[PDB]
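Shown next, in C-alpha cells, is the structure this report addresses.
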Amino acid sequence: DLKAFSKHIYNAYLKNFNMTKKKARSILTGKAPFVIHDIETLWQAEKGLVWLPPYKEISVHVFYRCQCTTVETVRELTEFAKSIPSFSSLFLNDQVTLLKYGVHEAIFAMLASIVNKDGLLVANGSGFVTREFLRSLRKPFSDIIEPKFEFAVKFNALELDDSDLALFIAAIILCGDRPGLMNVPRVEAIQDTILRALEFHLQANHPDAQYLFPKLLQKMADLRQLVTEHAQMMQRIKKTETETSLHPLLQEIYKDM
Ligand SMILES: O=C(O)CCCc1cc2cc(Cl)ccc2n1S(=O)(=O)c1ccc2ncsc2c1
C-alpha cells in the first residue's frame, strides 16, 4: 500500500521529468557540458553547441532562457501532479490553486539537482553556466539566482535521490494551507498520506539518516520563504524593467503573492 504509493509517485516522476538528479550527477561528475562563463562562450553556445522574445541585451537574454526552462518545468510538474490519482480527483480549480502556489517551490527544490557550488546545467545538460557569469550580469538579474544556489548547496548535503524527490515534490504541491483552496480537508488528507509515504520511504532508503524526515519538513518551510523573496524580485523587475518580457503564465502565478 504505502510502498505501492511510493512506487506510483516515483514512476510518475520518472515519466514526466526529462532531467533527473541521476542523469545530472552523471554529467556533473564526468562519466562533457560546454561551459558558458562569459559573453564569448554564451554566444558560442547559442550558435549550435547548446541551442524567445526579441533580443534586448545579454542579461535579459539569460533571463529569457531561464524563463523558458521554468515554464517548461511548470508543464512537467502539472503533468506530474495530474498523474497522482488523488490529485486528479480534486476540482480543476483546486488543482490550479495547488500548482499556482506550489510550482516554484518544487522548481527550486529540483533546481538543486542540476546545481553545484560553481554553476548549473542548461539545455538538457549539454551546457553548464558558471555561477561567476550569473553573478556578473546587470542588476537586478544577477540577484535572482544567488539565493537559489545557497539553498541548493545545503539541500544537496542531504544527498537525496530521485525516489526521495518524487515524494518530496508531491508533498510540496499537495499543501493544505494554500490561499483560496475549496476542499482544505481533502488536500490535507492527501498530503498526510504522501508525508507518511515519505518518512516510510526514507526509513528504508536512508537507514543511517539522522533526522532526515524532520529536516525535509524544515526544507519545505525554507522553500516557501525562498519563493516569497523570489516573487518580490519578479514584481520589482515588472516595475523597473518594463522592457523585459514576462511570461503571462508566470505573471498569473505571481499575481496575488
Ligand atoms: O519568473 C520566473 O520564475 C521565471 C524566471 C526564473 C529565473 C530567471 C533568471 C535570470 C537570471 Cl540572470 C538568473 C536566475 C533566474 N531565474 S531562477 O533562479 O528562478 C532559475 C534559473 C535557472 C533554472 N533551470 C531550471 S529551473 C531554473 C530557475
Side-chain angles (χ1 to χ4, degrees), residues 1-17 20-21 73-113 151 155 158 160-207 209-228 230-231 249 252-257:
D1 179 292
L2 211 55
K3 314 149 193 56
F5 189 93
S6 298
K7 186 174 182 177
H8 186 96
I9 299 298
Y10 179 49
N11 293 331
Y13 176 95
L14 256 29
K15 184 184 181 186
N16 284 278
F17 296 117
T20 60
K21 189 181 183 178
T73 308
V74 172
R75 293 189 180 101
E76 297 181 326
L77 280 165
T78 301
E79 293 296 312
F80 173 71
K82 293 168 62 179
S83 294
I84 310 174
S86 49
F87 175 90
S88 188
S89 74
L90 302 168
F91 282 116
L92 214 51
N93 49 321
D94 271 338
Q95 300 185 21
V96 167
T97 292
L98 272 5
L99 296 174
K100 179 179 186 294
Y101 294 95
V103 289
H104 280 94
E105 295 180 10
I107 291 173
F108 297 153
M110 295 185 298
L111 180 59
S113 305
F151 173 94
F155 189 79
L158 303 176
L160 310 182
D161 73 313
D162 288 302
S163 62
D164 308 330
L165 296 174
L167 292 173
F168 184 76
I169 274 60
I172 290 176
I173 296 175
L174 283 137
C175 176
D177 55 285
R178 304 298 193 188
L181 274 181
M182 292 199 318
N183 194 339
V184 178
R186 179 52 173 173
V187 174
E188 289 182 351
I190 304 179
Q191 184 185 37
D192 197 68
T193 299
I194 298 168
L195 289 173
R196 291 169 183 258
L198 177 56
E199 162 164 282
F200 172 84
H201 180 84
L202 294 179
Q203 281 182 272
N205 198 254
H206 301 254
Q210 304 286 341
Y211 293 80
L212 186 51
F213 182 78
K215 288 178 180 177
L216 284 184
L217 288 177
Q218 183 58 241
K219 289 306 179 188
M220 302 184 65
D222 304 336
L223 285 164
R224 186 180 296 198
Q225 177 69 13
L226 187 62
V227 167
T228 292
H230 175 81
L249 184 61
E252 274 304 293
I253 297 176
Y254 301 135
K255 196 165 74 101
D256 291 318
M257 281 191 172

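Positions are given from 1 along the sequence.
- Across all non-hydrogen atoms, the minimal contact from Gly180 to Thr97 is O-OG1, 4.2 Å.
- The CD1 atom of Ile190 lies 8.5 Å from the CD1 atom of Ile84; values are rounded to the nearest 0.5 Å.
- When the side-chain contact (heavy atoms from CB on, under 4.5 Å) test is applied to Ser83, the partners found at least two apart in sequence or on another chain are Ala12, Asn16.
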Please list, one pair per line, the donor and acceptor atoms closer than 3.5 Å that link side chains of residues 164-172 to other protein atoms, with sequence neighbours excluded.
unit_1, atom_1, unit_2, atom_2, d
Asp164, OD1, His201, NE2, 3.1
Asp164, OD2, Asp161, N, 3.2
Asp164, OD2, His206, NE2, 2.6

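- If you take CZ on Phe200 and CD1 on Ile194, they are separated by 15.5 Å, rounding to the nearest 0.5 Å.
- Contact of the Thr20 side chain with the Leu14 side chain is registered, since non-hydrogen atoms from C-beta on lie closer than 4.5 Å.
- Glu252 pairs by the side chain to side chain donor-acceptor pair (under 3.5 Å) definition with nothing, not counting sequence neighbours.
- Distance check, rounded to the nearest 0.5 Å: CZ of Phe213 to CD of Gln203 gives 9.5 Å.
- Distance check: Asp256 CG to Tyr101 OH gives 6.0 Å after rounding to the nearest 0.5 Å.
- For the side chain to side chain donor-acceptor pair (under 3.5 Å) test, residues two or more places apart in sequence or in another chain that qualify with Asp177 are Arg224.
- Once rounded to the nearest 0.5 Å, the distance linking OG1 of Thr228 with CG of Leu223 reads 11.0 Å.
- How far CG of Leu158 is from CG of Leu212: 6.0 Å, rounded to the nearest 0.5 Å.
- For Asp1, there are no side-chain contact (heavy atoms from CB on, under 4.5 Å) partners at least two apart in sequence or on another chain.
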Determine, step by step, whether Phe17 and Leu77 satisfy the side-chain contact (heavy atoms from CB on, under 4.5 Å) criterion, reporting the C-alpha distance in whole Å, the side-chain angles of both residues, the deciding distance to 0.1 Å, and the verdict. CA-CA 8 Å; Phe17 296 117; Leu77 280 165; 3.5 Å; yes
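- Here the side chains of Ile9 and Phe80 are in contact, with some heavy-atom distance below 4.5 Å.
- Counting only residues at least two apart or on different chains, the side chain to side chain donor-acceptor pair (under 3.5 Å) pairs with a member in residues 4-13 are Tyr13-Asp162.
- The backbone N or O of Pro85 lies less than 3.5 Å from no partner atom in the side chain of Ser88, so there is not a single donor-acceptor pair.
- Here the closest non-hydrogen pair linking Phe155 and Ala109 is CE2-O, 4.0 Å.
- Listed by first then second residue, pairs satisfying salt bridge (charged side-chain N to carboxylate O under 4.0 Å, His left out) with a partner in residues 76-100 read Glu79-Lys82, not counting sequence neighbours.
- The list of side chain to side chain donor-acceptor pair (under 3.5 Å) pairs with a residue in residues 178-199, not counting sequence neighbours, reads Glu105-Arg178, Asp192-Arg196.
- Across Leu174 and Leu98, no two heavy atoms sit closer than the pair CA-CG, 4.4 Å.
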Solution key, residues 215-222 side-chain donor-acceptor pairs under 3.5 Å, sequence neighbours excluded:
none

